[PDB]
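Okay, so here's just one chain, in structure tokens, the form deposited in one PDB entry.
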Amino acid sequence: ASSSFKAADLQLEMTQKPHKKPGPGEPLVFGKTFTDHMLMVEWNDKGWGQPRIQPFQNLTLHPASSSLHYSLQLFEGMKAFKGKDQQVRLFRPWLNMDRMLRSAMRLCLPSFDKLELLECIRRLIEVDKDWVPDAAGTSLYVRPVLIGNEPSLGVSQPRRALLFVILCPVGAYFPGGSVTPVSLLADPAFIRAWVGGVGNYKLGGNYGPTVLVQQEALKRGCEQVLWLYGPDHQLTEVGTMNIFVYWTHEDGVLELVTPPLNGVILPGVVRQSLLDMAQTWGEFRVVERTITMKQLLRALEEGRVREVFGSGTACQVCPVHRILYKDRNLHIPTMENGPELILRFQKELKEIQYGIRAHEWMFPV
């Protein structure tokens, strides 16, 4: 936690051998193709070094690096979009910079200046501005990472750290413009996070354990995992996305609900953007309240449920049409009802993100 680094001290080293761009008409799979440059800033005793943009390359880590033994690592994830006016913009970057600072502090990694980092990221995207796709639904995924880098096997606060950022072009989540549903496996046996735990931070350690559970879901015929918490089986998250339910509550009011930030939930940026956007329309009750399987099951049998979806940077708004709970199939009417609300959220985010409409959430590069 020492005096930050300055974007003003940014050293830039253009690449010698530019990677071959993907090229229109080619399959863009999520996070598999990377741009030409990367950001890199190191930390140690005298504090931060000067930030540098340099050619994309491999990292040289000491075998005893704490990032590889004790998981002193955290990451972030956000997107940049290119509008028809050829301008590139980042979606509410400030929220990500804040989340990252908090995660850093939870792991005892060096704090830094949120705006300086933001500026450095803007310069990086500027350098690889040509990598940003402009098709439909495409964008640039930005991946900042901060890791401890102490060459010691002692479990302690790092005296050396490393912060880098890489970029990669990602195609439309829904090829064709049409949204498609996903089935979810809901099994109480699996717990991704506990209160007093660290599930409300974007730390590597929270995902490794989920790989096995995801395979278990696929084998059962489901695409994603619905994480349940507590004896009351309350819904918390879906895969790596926040969960929303559009229904008529028990009291007869039409509402949109998502679980509260009780500690076992990651504060999604898209999640916050949906609440804000919905609060603004003032067309129905928008609330943060606990949701349990029983409440869901009752609503389903009474036909009060309209749409259920997941939210996250990867898949802005993701429709859910089926849940496998206790070896029992629960069909969710999401698609037969539109999905009206989902389609609306989608259209509005698209106009804001692609510059069709001027908005303060967008950060120009």
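Here, rigid core means the biggest group of C-alpha atoms that superpose within 1.5 Å across both forms. Numbering starts at 1 and runs along the sequence shown.
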query = Out of 141-149 and 290-298, which stretch has the higher average CA B-factor listed in the record?
reply = 290-298
query = Going by the B-factors listed in the PDB entry, is the mean over the C-alpha atoms higher for 206-214 or for 86-94?
reply = 86-94
key: Highest-ranked of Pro110, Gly77, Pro169, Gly176 once sorted by CA temperature factor in the record   = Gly176
query = Looking at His62, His69, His321, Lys32, which has the highest Cα B-factor in the entry?
reply = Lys32
ask   = Lowest, middle or highest third: where is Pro27 by C-alpha B factor in its chain?
value = highest
note = For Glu119, the third of its chain by CA B-factor is the middle
task = Ordered by C-alpha B-factor within the chain, which third holds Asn329? Give me lowest, middle or highest, please.
result = highest
key: Ranked C-alpha temperature factor of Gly263 among modelled chain residues, by third   = middle
key: For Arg99, the third of its chain into which the C-alpha B factor falls   = lowest
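Not pictured, yet referred to below: the form deposited in another entry.
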Of the candidates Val253, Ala172, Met105, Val198, the only Cα that travels 2 Å or more between this form and the one not shown, given a rigid-core fit = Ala172
task = Specify closer or farther for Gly176 and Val170: how their Cα atoms are spaced in the other entry versus the shown form, given a shift of 3 angstroms or more.
result = closer
query = Which way does the C-alpha gap of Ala358 and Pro24 go in the other entry, closer or farther, given it changes by 3 angstroms or more?
reply = farther
